[PDB]
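K.L.:
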Amino acid sequence: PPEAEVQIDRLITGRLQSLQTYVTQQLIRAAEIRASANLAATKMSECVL
Amino acid sequence: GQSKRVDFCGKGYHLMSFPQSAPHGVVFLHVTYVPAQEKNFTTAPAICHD
C-alpha cells in the first residue's frame, strides 16, 4: 500500500490531465460549431424563408 | 432603423423597436405587422385589352 500509493498518484494526476485536455478541446470546438449553427439558422431565415 | 432581414427583429414584418435595460443585458421590444384575415381570389398574370 504505501509504495503503491505513490505510483498510483502519479498515474491519477496524469490521467486527470488527459481528461481535462479533452474537455477543453471539446469546448473550444463546440464554440466553433455554435457559430456555424448560428450562421445556418440565419441563412434559413433569410435565404429560405 | 427598419430592418428587412427576415425574423431578425421578430416574427412578422418589422416596423420598429424599443430597447429596455436589464441587469447584465438588453431586452428588445420588437413591433411587427402581421397579416390577419385573408380571402381567396382568382388570379391572372396579365390582362388582354386590345
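Protein chains in written order, with the numbering used here: chain A, 2 to 50; chain B, 15 to 64. By construction, the Cβ of each residue, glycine as well, lies at the ideal position given by its N, Cα and C atoms.
At a CB-CB cut-off below 7 Å, which residues of chain B make contact with residue 37(A)?
P.N.:
Going along chain B, no residue has its Cβ under 7 Å from residue 37(A), so there is no contact; the nearest lies around 18 Å.
K.L.:
What span of residues does the beta strand (DSSP E) with residue 20(B) cover, start to end?
P.N.:
Note, residue 20(B): premise wrong, no beta strand (DSSP E); not H, not E.
K.L.:
Counting pairs of Cβ atoms below 8 Å between the region 15 to 22 of chain B and the region 26 to 40 of chain A, do you hit three or more?
P.N.:
The answer is no - the region 26 to 40 of chain A does not touch the region 15 to 22 of chain B, with fewer than three Cβ pairs under 8 Å.
K.L.:
Below 6 Å CB to CB, which residues in the same chain sit around residue 41(B) once its five sequence neighbours on both sides are set aside?
P.N.:
Correct list, in chain order: 34.
K.L.:
Alpha carbon to alpha carbon, how far is residue 43(A) from residue 50(A)? Give it in angstroms, no decimals.
P.N.:
Each residue's Cα considered, the two are about 10 Å apart.
K.L.:
For residue 41(B) and chain A, any beta-carbon pair shorter than 8 Å?
P.N.:
It does not; no Cβ of chain A falls within 8 Å.
K.L.:
So is residue 28(B) buried or exposed if we call it buried at 16+ other beta carbons inside 10 Å?
P.N.:
Label assigned to residue 28(B): buried.
K.L.:
Would residue 48(B) pass as an interface residue toward chain A - the criterion being a Cβ-Cβ separation below 8 Å?
P.N.:
False, the Cβ-Cβ gap to chain A never drops below 8 Å.
K.L.:
Mind pulling the chain B residues with CB within less than 8 Å of residue 50(A)?
P.N.:
Under the 8 Å cutoff, chain B gives 20, 21.
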